[PDB]
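> Got a file for you: target-v7.cif, mmCIF, C-alpha atoms.
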data_protein
loop_
_atom_site.group_PDB
_atom_site.id
_atom_site.type_symbol
_atom_site.label_atom_id
_atom_site.label_comp_id
_atom_site.auth_asym_id
_atom_site.auth_seq_id
_atom_site.Cartn_x
_atom_site.Cartn_y
_atom_site.Cartn_z
ATOM 1 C CA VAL N 1 40.221 -72.952 -94.080
ATOM 2 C CA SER N 2 40.032 -70.866 -90.908
ATOM 3 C CA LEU N 3 37.829 -68.204 -89.288
ATOM 4 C CA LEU N 4 37.948 -64.543 -90.252
ATOM 5 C CA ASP N 5 38.835 -61.964 -87.607
ATOM 6 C CA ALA N 6 37.062 -58.636 -87.225
ATOM 7 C CA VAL N 7 38.847 -55.461 -88.327
ATOM 8 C CA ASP N 8 38.263 -51.746 -87.820
ATOM 9 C CA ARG N 9 36.180 -50.205 -90.597
ATOM 10 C CA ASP N 10 38.260 -47.024 -90.875
ATOM 11 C CA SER N 11 41.613 -48.831 -90.602
ATOM 12 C CA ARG N 12 41.039 -50.828 -93.819
ATOM 13 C CA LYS N 13 43.090 -53.814 -92.664
ATOM 14 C CA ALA N 14 42.541 -57.343 -93.946
ATOM 15 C CA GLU N 15 43.810 -60.926 -93.768
ATOM 16 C CA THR N 16 44.507 -63.586 -96.390
ATOM 17 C CA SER N 17 44.382 -67.367 -96.713
ATOM 18 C CA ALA N 18 47.356 -69.640 -97.318
ATOM 19 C CA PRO N 19 47.965 -71.771 -100.445
ATOM 20 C CA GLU N 20 47.404 -75.514 -100.897
ATOM 21 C CA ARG N 21 49.724 -78.533 -101.026
ATOM 22 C CA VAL N 22 50.432 -81.240 -103.607
ATOM 23 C CA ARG N 23 52.655 -84.322 -103.621
ATOM 24 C CA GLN N 24 53.161 -87.625 -105.431
ATOM 25 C CA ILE N 25 53.751 -91.293 -104.567
ATOM 26 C CA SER N 26 54.471 -94.640 -106.237
ATOM 27 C CA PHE N 27 53.943 -98.377 -105.700
ATOM 28 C CA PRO N 28 55.703 -101.634 -106.659
ATOM 29 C CA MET N 29 53.908 -104.929 -107.379
ATOM 30 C CA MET N 30 54.069 -108.552 -106.219
ATOM 31 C CA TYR N 31 54.969 -111.447 -108.534
ATOM 32 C CA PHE N 32 54.085 -115.127 -108.094
ATOM 33 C CA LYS N 33 55.044 -118.240 -110.047
ATOM 34 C CA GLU N 34 54.315 -121.971 -109.958
ATOM 35 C CA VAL N 35 55.863 -125.050 -111.571
ATOM 36 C CA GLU N 36 54.629 -128.602 -112.136
ATOM 37 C CA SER N 37 55.260 -131.514 -114.479
ATOM 38 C CA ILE N 38 53.945 -134.967 -115.375
ATOM 39 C CA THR N 39 56.070 -138.060 -115.991
ATOM 40 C CA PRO N 40 55.122 -141.543 -117.243
ATOM 41 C CA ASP N 41 56.808 -143.016 -114.155
ATOM 42 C CA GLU N 42 53.759 -141.979 -112.095
ATOM 43 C CA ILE N 43 51.299 -143.952 -114.254
ATOM 44 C CA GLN N 44 52.837 -147.369 -114.907
ATOM 45 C CA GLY N 45 51.897 -150.099 -112.454
ATOM 46 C CA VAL N 46 50.019 -147.761 -110.100
ATOM 47 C CA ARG N 47 46.808 -149.179 -108.660
ATOM 48 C CA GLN N 48 43.890 -146.815 -108.213
ATOM 49 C CA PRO N 49 43.357 -146.458 -104.438
ATOM 50 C CA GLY N 50 39.598 -146.968 -104.691
ATOM 51 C CA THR N 51 39.756 -150.293 -106.555
ATOM 52 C CA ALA N 52 41.691 -153.562 -106.685
ATOM 53 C CA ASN N 53 42.533 -154.009 -110.387
ATOM 54 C CA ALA H 1 16.477 -17.534 -72.674
ATOM 55 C CA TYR H 2 17.661 -16.623 -69.181
ATOM 56 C CA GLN H 3 20.422 -14.455 -70.674
ATOM 57 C CA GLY H 4 18.382 -13.666 -73.798
ATOM 58 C CA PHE H 5 20.109 -16.219 -76.040
ATOM 59 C CA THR H 6 20.700 -19.957 -76.333
ATOM 60 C CA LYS H 7 23.310 -21.886 -78.320
ATOM 61 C CA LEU H 8 23.122 -25.598 -79.143
ATOM 62 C CA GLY H 9 26.714 -25.969 -80.356
ATOM 63 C CA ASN H 10 28.513 -26.187 -83.676
ATOM 64 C CA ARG H 11 29.091 -29.197 -85.906
ATOM 65 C CA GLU H 12 32.121 -31.390 -85.300
ATOM 66 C CA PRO H 13 34.852 -31.281 -87.968
ATOM 67 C CA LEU H 14 34.392 -33.765 -90.799
ATOM 68 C CA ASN H 15 37.055 -36.082 -92.194
ATOM 69 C CA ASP H 16 38.080 -34.278 -95.389
ATOM 70 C CA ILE H 17 41.684 -33.170 -94.750
ATOM 71 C CA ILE H 18 43.095 -36.073 -96.787
ATOM 72 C CA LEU H 19 44.152 -35.105 -100.315
ATOM 73 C CA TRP H 20 46.390 -38.038 -101.290
ATOM 74 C CA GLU H 21 46.970 -41.500 -99.862
ATOM 75 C CA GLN H 22 48.802 -44.703 -100.781
ATOM 76 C CA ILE H 23 45.716 -46.701 -101.702
ATOM 77 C CA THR H 24 46.683 -50.287 -100.882
ATOM 78 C CA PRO H 25 44.767 -53.524 -100.219
ATOM 79 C CA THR H 26 45.912 -53.146 -96.598
ATOM 80 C CA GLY H 27 46.015 -49.694 -95.031
ATOM 81 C CA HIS H 28 49.562 -48.564 -95.747
ATOM 82 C CA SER H 29 49.411 -45.104 -94.131
ATOM 83 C CA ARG H 30 46.723 -45.721 -91.478
ATOM 84 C CA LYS H 31 47.461 -47.038 -87.984
ATOM 85 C CA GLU H 32 45.070 -47.822 -85.130
ATOM 86 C CA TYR H 33 45.582 -46.785 -81.501
ATOM 87 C CA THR H 34 43.888 -47.966 -78.332
ATOM 88 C CA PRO H 35 41.963 -44.933 -77.021
ATOM 89 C CA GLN H 36 43.140 -43.391 -73.770
ATOM 90 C CA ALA H 37 40.661 -43.311 -70.909
ATOM 91 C CA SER H 38 38.563 -40.139 -70.601
ATOM 92 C CA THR H 39 40.239 -38.540 -73.645
ATOM 93 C CA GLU H 40 38.311 -36.726 -76.364
ATOM 94 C CA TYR H 41 39.644 -37.056 -79.911
ATOM 95 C CA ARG H 42 38.854 -34.784 -82.850
ATOM 96 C CA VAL H 43 40.017 -34.637 -86.453
ATOM 97 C CA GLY H 44 43.330 -32.841 -86.888
ATOM 98 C CA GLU H 45 44.855 -33.607 -83.489
ATOM 99 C CA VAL H 46 48.402 -34.958 -83.177
ATOM 100 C CA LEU H 47 49.020 -38.242 -81.353
ATOM 101 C CA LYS H 48 52.146 -39.763 -79.847
ATOM 102 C CA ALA H 49 53.225 -43.366 -80.363
ATOM 103 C CA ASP H 50 51.049 -44.559 -77.452
ATOM 104 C CA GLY H 51 47.933 -42.590 -78.432
ATOM 105 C CA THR H 52 48.436 -39.680 -76.026
ATOM 106 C CA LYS H 53 48.218 -36.205 -77.520
ATOM 107 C CA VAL H 54 51.482 -34.350 -78.067
ATOM 108 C CA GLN H 55 52.086 -31.566 -75.547
ATOM 109 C CA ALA H 56 54.627 -28.778 -75.154
ATOM 110 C CA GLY H 57 58.238 -29.912 -74.822
ATOM 111 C CA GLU H 58 57.956 -33.157 -76.828
ATOM 112 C CA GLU H 59 56.881 -32.044 -80.306
ATOM 113 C CA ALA H 60 59.717 -34.264 -81.567
ATOM 114 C CA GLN H 61 57.624 -37.341 -80.654
ATOM 115 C CA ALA H 62 54.717 -36.562 -82.999
ATOM 116 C CA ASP H 63 53.663 -39.825 -84.633
ATOM 117 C CA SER H 64 50.413 -39.402 -86.563
ATOM 118 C CA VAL H 65 47.461 -37.110 -87.205
ATOM 119 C CA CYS H 66 44.060 -38.187 -85.901
ATOM 120 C CA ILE H 67 41.258 -38.398 -88.468
ATOM 121 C CA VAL H 68 38.493 -39.764 -86.219
ATOM 122 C CA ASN H 69 36.078 -38.115 -83.790
ATOM 123 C CA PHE H 70 35.938 -40.097 -80.538
ATOM 124 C CA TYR H 71 33.513 -39.641 -77.640
ATOM 125 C CA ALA H 72 34.944 -40.505 -74.227
ATOM 126 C CA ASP H 73 31.610 -41.052 -72.459
ATOM 127 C CA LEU H 74 30.396 -43.523 -75.092
ATOM 128 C CA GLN H 75 33.907 -44.987 -75.401
ATOM 129 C CA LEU H 76 32.966 -45.211 -79.069
ATOM 130 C CA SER H 77 33.930 -43.335 -82.209
ATOM 131 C CA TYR H 78 31.446 -41.847 -84.634
ATOM 132 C CA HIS H 79 30.421 -44.508 -87.147
ATOM 133 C CA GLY H 80 30.579 -46.760 -84.093
ATOM 134 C CA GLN H 81 34.161 -48.031 -84.247
ATOM 135 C CA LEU H 82 36.128 -49.237 -81.233
ATOM 136 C CA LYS H 83 39.541 -47.708 -82.031
ATOM 137 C CA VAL H 84 41.165 -44.430 -83.040
ATOM 138 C CA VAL H 85 42.764 -44.140 -86.485
ATOM 139 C CA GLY H 86 45.456 -41.749 -87.668
ATOM 140 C CA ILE H 87 47.689 -41.147 -90.666
ATOM 141 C CA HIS H 88 51.257 -42.023 -89.669
ATOM 142 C CA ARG H 89 53.229 -41.866 -92.942
ATOM 143 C CA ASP H 90 53.197 -41.099 -96.656
ATOM 144 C CA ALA H 91 50.230 -38.782 -97.144
ATOM 145 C CA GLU H 92 49.288 -35.212 -98.035
ATOM 146 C CA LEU H 93 46.925 -33.446 -95.639
ATOM 147 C CA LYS H 94 45.223 -30.080 -95.362
ATOM 148 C CA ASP H 95 46.941 -27.653 -92.999
ATOM 149 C CA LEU H 96 44.326 -27.738 -90.213
ATOM 150 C CA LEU H 97 46.297 -29.134 -87.289
ATOM 151 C CA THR H 98 44.840 -28.876 -83.788
ATOM 152 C CA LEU H 99 47.537 -28.354 -81.159
ATOM 153 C CA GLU H 100 47.614 -28.127 -77.384
ATOM 154 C CA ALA H 101 48.561 -24.977 -75.501
ATOM 155 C CA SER H 102 52.098 -23.692 -76.145
ATOM 156 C CA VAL H 103 52.804 -26.448 -78.690
ATOM 157 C CA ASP H 104 55.129 -25.251 -81.454
ATOM 158 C CA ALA H 105 53.511 -25.986 -84.815
ATOM 159 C CA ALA H 106 56.796 -25.725 -86.729
ATOM 160 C CA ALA H 107 58.464 -28.447 -84.655
ATOM 161 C CA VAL H 108 55.501 -30.793 -85.119
ATOM 162 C CA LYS H 109 55.427 -30.173 -88.870
ATOM 163 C CA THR H 110 59.171 -30.783 -89.186
ATOM 164 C CA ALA H 111 58.919 -33.990 -87.150
ATOM 165 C CA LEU H 112 56.037 -35.301 -89.267
ATOM 166 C CA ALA H 113 57.802 -34.323 -92.501
ATOM 167 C CA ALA H 114 60.473 -36.903 -91.656
ATOM 168 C CA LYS H 115 57.737 -39.538 -92.102
ATOM 169 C CA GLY H 116 56.772 -38.326 -95.580
ATOM 170 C CA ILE H 117 53.746 -36.261 -94.509
ATOM 171 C CA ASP H 118 53.187 -32.947 -96.304
ATOM 172 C CA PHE H 119 50.736 -30.149 -95.493
ATOM 173 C CA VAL H 120 48.976 -28.125 -98.201
ATOM 174 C CA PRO H 121 48.320 -24.456 -97.320
ATOM 175 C CA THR H 122 44.618 -23.764 -96.789
ATOM 176 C CA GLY H 123 42.900 -20.510 -97.686
ATOM 177 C CA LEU H 124 40.699 -18.434 -95.418
#
Now that the file is in, can you turn its structure into structure tokens?

Amino acid sequence: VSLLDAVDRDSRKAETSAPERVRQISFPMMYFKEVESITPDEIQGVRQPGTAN
Amino acid sequence: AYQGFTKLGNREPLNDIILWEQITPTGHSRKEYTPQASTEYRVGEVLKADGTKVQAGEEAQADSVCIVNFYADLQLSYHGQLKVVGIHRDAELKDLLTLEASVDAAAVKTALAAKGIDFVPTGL
């Protein structure tokens, strides 16, 4: 919006405001994945670090 | 009085010569001129493109008819406006033109007619 400007009363002139604006946008997304597995080879004959037997 | 009589002057002409006009949100037939210094303006006078009154020998340069009373000393029009206003195209007006000395009315009327301005005969 702007400021009006004075006009002569007998001239009957006038001013007008401009229209508005509209637009659109879009977004992608991020994907994450993780993988793990357990095997018996990690259990057999493995001493617990905090103990002796 | 000293001479036996005293006169306080007549009333200035009122703006009533307009009979038809292109009524528009923005003034379609009305233009505004910057007043000339020390120049008195009265309804019915003919103005050139620069606001100076038409004089003999250049009736072909008539541009518009003044419809505002302007006072030079106040530098202000009646109703207190800062500019002069005149009809410059596409209107019908009463035949009450005010012309300077030796100005040919027919030439002025023909020149204005080219702009779509018509004058209605006025009775006594």
> Calculate how many Å separate CA of residue 40 in chain H from CA of residue 114 in chain H, rounding to one decimal.
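Going from CA of residue 40 in chain H over to CA of residue 114 in chain H covers 26.9 Å.
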> What would the selection look like, as number ranges by chain, if the PyMOL selection byres ((chain N) within 12 of (chain H)) were run on the coordinates I just shared?
N: 6-16
> Kindly resolve the PyMOL selection byres ((chain H and resi 36) around 9) on the present coordinates and return the residues as a count of residues only.
11
> Determine, counting only C-alpha atoms, which protein, DNA and RNA residues have an atom within 12 Å of an atom of residue 53 in chain H; residues of the same chain fewer than 6 positions away are not included. Present the result as a count of residues only.
25
> With 5 Å on each side, where is the centre of the axis-aligned box around all listed atoms of range 83-89 of chain H, and how long are its edges in Å to one decimal, as lines of an AutoDock Vina configuration file?

center_x = 46.4
center_y = -44.4
center_z = -87.5
size_x = 23.7
size_y = 16.6
size_z = 20.9
> Could you tell me, as an MDAnalysis selection string, exactly which residues end up selected when the PyMOL selection byres ((chain H and resi 20) around 12) is applied to this structure?
chainID H and resid 16:19 21:23 29 87 89:94 116:120
> Distance CA of residue 14 in chain H-CA of residue 43 in chain H, one decimal place?
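Result for CA of residue 14 in chain H versus CA of residue 43 in chain H: 7.2 Å, one decimal.
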> Do you have the CA of residue 8 in chain H-CA of residue 76 in chain H distance handy?
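So the two atoms, CA of residue 8 in chain H and CA of residue 76 in chain H, lie 21.9 Å apart.
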> Hey, which of H:13, H:73, H:122, H:60 ends up closest to residue 109 in chain H? Count all atoms listed in the file.
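Nearest candidate to residue 109 in chain H out of H:13, H:73, H:122, H:60: H:60.
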> May I have the residues at most 12 Å from (44.8, -67.6, -98.2) in the file's coordinates, counting all atoms listed in the file, as an MDAnalysis selection string?
chainID N and resid 1:4 14:20
> Output range 4-29 of chain H as a compact mmCIF listing (two decimals), keeping the file's coordinate frame, making sure N, CA, C and O atoms are there.

# COMPACT_ATOMS: atom_id res chain seq x y z
N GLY H 4 18.86 -14.21 -72.55
CA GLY H 4 18.38 -13.67 -73.80
C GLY H 4 18.82 -14.41 -75.04
O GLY H 4 18.41 -14.04 -76.14
N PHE H 5 19.65 -15.45 -74.90
CA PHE H 5 20.11 -16.22 -76.04
C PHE H 5 20.39 -17.65 -75.60
O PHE H 5 20.61 -17.92 -74.42
N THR H 6 20.39 -18.56 -76.57
CA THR H 6 20.70 -19.96 -76.33
C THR H 6 21.44 -20.52 -77.54
O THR H 6 21.06 -20.25 -78.68
N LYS H 7 22.48 -21.30 -77.28
CA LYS H 7 23.31 -21.89 -78.32
C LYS H 7 23.37 -23.39 -78.12
O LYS H 7 23.62 -23.86 -77.01
N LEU H 8 23.13 -24.14 -79.19
CA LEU H 8 23.12 -25.60 -79.14
C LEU H 8 24.41 -26.22 -79.67
O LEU H 8 24.47 -27.45 -79.80
N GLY H 9 25.42 -25.42 -79.97
CA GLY H 9 26.71 -25.97 -80.36
C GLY H 9 26.90 -26.05 -81.86
O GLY H 9 25.95 -26.07 -82.64
N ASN H 10 28.17 -26.09 -82.27
CA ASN H 10 28.51 -26.19 -83.68
C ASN H 10 28.64 -27.65 -84.10
O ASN H 10 28.51 -28.58 -83.29
N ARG H 11 28.88 -27.85 -85.39
CA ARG H 11 29.09 -29.20 -85.91
C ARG H 11 30.55 -29.60 -85.74
O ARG H 11 31.46 -28.79 -85.90
N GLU H 12 30.77 -30.88 -85.43
CA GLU H 12 32.12 -31.39 -85.30
C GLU H 12 32.81 -31.39 -86.66
O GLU H 12 32.15 -31.50 -87.70
N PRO H 13 34.14 -31.27 -86.69
CA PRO H 13 34.85 -31.28 -87.97
C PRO H 13 34.68 -32.62 -88.68
O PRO H 13 34.66 -33.67 -88.04
N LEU H 14 34.55 -32.56 -90.00
CA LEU H 14 34.39 -33.76 -90.80
C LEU H 14 35.73 -34.22 -91.36
O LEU H 14 36.67 -33.43 -91.50
N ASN H 15 35.82 -35.50 -91.69
CA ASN H 15 37.06 -36.08 -92.19
C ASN H 15 37.16 -35.76 -93.68
O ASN H 15 36.62 -36.48 -94.52
N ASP H 16 37.85 -34.66 -94.01
CA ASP H 16 38.08 -34.28 -95.39
C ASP H 16 39.47 -33.71 -95.62
O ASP H 16 39.75 -33.24 -96.73
N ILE H 17 40.35 -33.76 -94.62
CA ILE H 17 41.68 -33.17 -94.75
C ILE H 17 42.61 -33.98 -95.65
O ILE H 17 43.67 -33.48 -96.04
N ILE H 18 42.24 -35.21 -95.98
CA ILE H 18 43.10 -36.07 -96.79
C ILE H 18 42.97 -35.68 -98.25
O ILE H 18 41.86 -35.61 -98.80
N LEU H 19 44.11 -35.41 -98.89
CA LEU H 19 44.15 -35.10 -100.32
C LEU H 19 44.79 -36.21 -101.14
O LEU H 19 44.39 -36.41 -102.29
N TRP H 20 45.77 -36.92 -100.60
CA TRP H 20 46.39 -38.04 -101.29
C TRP H 20 46.72 -39.12 -100.27
O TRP H 20 47.00 -38.83 -99.10
N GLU H 21 46.71 -40.37 -100.73
CA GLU H 21 46.97 -41.50 -99.86
C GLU H 21 47.44 -42.67 -100.71
O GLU H 21 47.02 -42.83 -101.86
N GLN H 22 48.31 -43.49 -100.12
CA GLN H 22 48.80 -44.70 -100.78
C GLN H 22 47.72 -45.77 -100.70
O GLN H 22 47.68 -46.61 -99.80
N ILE H 23 46.80 -45.73 -101.67
CA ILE H 23 45.72 -46.70 -101.70
C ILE H 23 46.32 -48.09 -101.89
O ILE H 23 46.98 -48.36 -102.90
N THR H 24 46.07 -48.97 -100.92
CA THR H 24 46.68 -50.29 -100.88
C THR H 24 45.63 -51.27 -100.39
O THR H 24 44.72 -50.87 -99.66
N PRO H 25 45.73 -52.55 -100.77
CA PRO H 25 44.77 -53.52 -100.22
C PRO H 25 44.71 -53.52 -98.70
O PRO H 25 43.63 -53.70 -98.12
N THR H 26 45.85 -53.33 -98.04
CA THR H 26 45.91 -53.15 -96.60
C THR H 26 46.36 -51.72 -96.31
O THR H 26 47.27 -51.21 -96.97
N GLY H 27 45.72 -51.08 -95.34
CA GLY H 27 46.02 -49.69 -95.03
C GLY H 27 47.50 -49.46 -94.83
O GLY H 27 48.08 -49.90 -93.84
N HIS H 28 48.12 -48.76 -95.78
CA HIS H 28 49.56 -48.56 -95.75
C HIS H 28 49.96 -47.35 -94.91
O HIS H 28 51.04 -47.35 -94.31
N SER H 29 49.11 -46.33 -94.86
CA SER H 29 49.41 -45.10 -94.13
C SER H 29 48.55 -44.92 -92.89
O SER H 29 48.71 -43.91 -92.19
